[PDB]
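Okay, so here's just one chain, in structure tokens, the form deposited in one PDB entry.
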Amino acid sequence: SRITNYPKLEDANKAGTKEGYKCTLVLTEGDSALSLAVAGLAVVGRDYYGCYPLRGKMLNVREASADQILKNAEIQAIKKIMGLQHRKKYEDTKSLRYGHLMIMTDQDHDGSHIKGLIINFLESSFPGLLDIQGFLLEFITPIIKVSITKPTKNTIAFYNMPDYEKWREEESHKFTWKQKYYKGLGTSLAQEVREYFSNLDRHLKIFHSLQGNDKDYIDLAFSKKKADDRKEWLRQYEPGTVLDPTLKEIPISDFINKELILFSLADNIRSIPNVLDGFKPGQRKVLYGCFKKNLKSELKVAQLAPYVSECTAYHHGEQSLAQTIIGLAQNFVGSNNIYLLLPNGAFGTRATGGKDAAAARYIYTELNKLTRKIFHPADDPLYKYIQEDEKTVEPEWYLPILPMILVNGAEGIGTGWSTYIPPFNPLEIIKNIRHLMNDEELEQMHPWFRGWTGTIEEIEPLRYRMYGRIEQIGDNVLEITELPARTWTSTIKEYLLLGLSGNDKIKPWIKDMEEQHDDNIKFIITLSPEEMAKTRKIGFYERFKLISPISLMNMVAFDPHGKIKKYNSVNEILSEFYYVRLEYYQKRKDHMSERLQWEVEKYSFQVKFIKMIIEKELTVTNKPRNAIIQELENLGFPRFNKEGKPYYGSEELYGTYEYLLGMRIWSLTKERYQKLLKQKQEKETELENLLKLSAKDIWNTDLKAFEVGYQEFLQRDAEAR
């Protein structure tokens, strides 16, 4: 018998027929993987192999209602292809269209997550299915491939970070070699693909049937009721605890504690921001990219996203990055207190909370002039730029001149952990920073929203109420002029529309409603005298949904050292920023003075070079470079590398005399010579001015520059609304 319901399924020729137990179904993550699976069939044969693509992140079936499951076509499609049913407990794979299930995911953290979900699903929906030994299979591929180029030539495949790392430290210096990030599982030149299948047993790893503590670990990971435990579970994890590359047997308990946990750690890394710059990695890559490029002139979002992605080794879908760019540019009330990117187009409105944004090919963005005032360029050299794909990318964190995480706040959902931080007032933030600068007590700050005209009152510490504005403008007529921040116009619209026309469950309580919004919120509502009175008993704000809470009880972020931390007060966050920022200011000036000192050396020796040539003390025309090089070092001329570091001793390590001989013949003309002397004098003065400052002096200079910049920003934002 043949199936009909599913097109994309390549059904094993002997599926569910007397041979169904032998047959294997390969579940692929995405069509790229699927393409590889189907290509594999041409090698291993159709008779005993089939494949069906998993659409995306699979539904977690524990914590899901029978109707939500039943509604899920993916899970159903699997149950039909595998001839699966719930009933009793599974004793033998005999009942099924297939006797084996293989999981082809892309060999990244999200791949592991998919595996965990498939496992979770099987263990939960089917009693006694995973007990069958050798039922659940895994198809695996290398992580990084290395090529040995100038010595003895062989290629090394590395299945994890630790193995590639131990080799990198203990073997890589002995060869000339490259590291390639592995791609696809549905990329590799298909002809190598034929080799994976030819000897596939090596790429196949089997999941050991359920054993003690395997069912418990599955629940720990996927049970909606155990978020707190997961938090602890991640604290326990020990770096370098990774599953053994060569075992051929995987116990579920450590698939979860050695592979799934890896995704979880990565989940929080991308979903929860760092306390110092208030960025999630995706956002930080966007800003880095905008710094790399000169994003003073605008380009479109659909173009910016791939450009950032390419230059920051972003390995996820560009669509995710596009939305993030849009997120950084949004300027409607309730979004960004300060947007670092300019919304040049339909970047979404307050009506739907940005969801009404146009697609990326329509909108454009550039840097906000203010952004560089916040993220000072002089600090760039100080950061620790992450090394990825045999290449350098964005820093671990930026260090704005004020804690931007407090300016804009943040929202995220990870694993075990979650986060909410409300926006605050840049002015108040700068006030406290000044207090700290002066050993003064901090003022307490309260959530603050750019362009918002409601009221916010504190009830308990870490708890606030947020009010819109409702006014009685006539006998029987109310007017709404403000909503709680983060309450979208459409939400209240649907609500009023409900009262106006009533409902199956609820009687209408509104006579008429009109919308007169301008650059503001204007709901004109009419109530029958009967409803007016009723509304008074209930409360006008209560009954029109003009009250929202703000919780500061879940303010989570990574600390300076990359450790997830829960902060119990806003000032704690500010204080932790302040001291790292203070440290990096002294650090910035020490770096600048060093750099400036080298420049004065470079200018001085260039001047000596030209002066000597003019004075006819030195001749270069002819005199083969080797013999010119000796003269230079004999005269005390240091070499310079590309960073601009001097060498006086006698490669990038040593430097060159290119800073002299690489000068343009133009440089020998008096007008050039004069300009060179001016530049050197300018550099010496820069050095003299620099030394005359303290860390706090410099910070303070940046702060005032920003304040001025911020004032204009506020004006432009009011002018554009």
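Between two forms, the rigid core is the largest collection of C-alphas that superpose within 1.5 Å. Residue indices: 1-based, along the sequence shown.
Separately, the form deposited in another entry exists; it is not shown, and the next lines address it.
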After a rigid core superposition between the shown form and the other one, the exception among 495, 307, 197, 182, its Cα shifting by 2 Å or more, is 182
Quick check: residue 168 between the shown form and the other one - does its CA shift reach 2 Å or more after fitting the rigid core? yes
- Query: If you line up the core, does residue 324 shift 2 angstroms or more at its C-alpha between the shown form and the other one?
  - Reply: no
Practice item. Would you say whether residue 151 is displaced between the shown form and the other one, judging by a C-alpha shift of 2 Å or more on the superposed rigid core? Key: yes
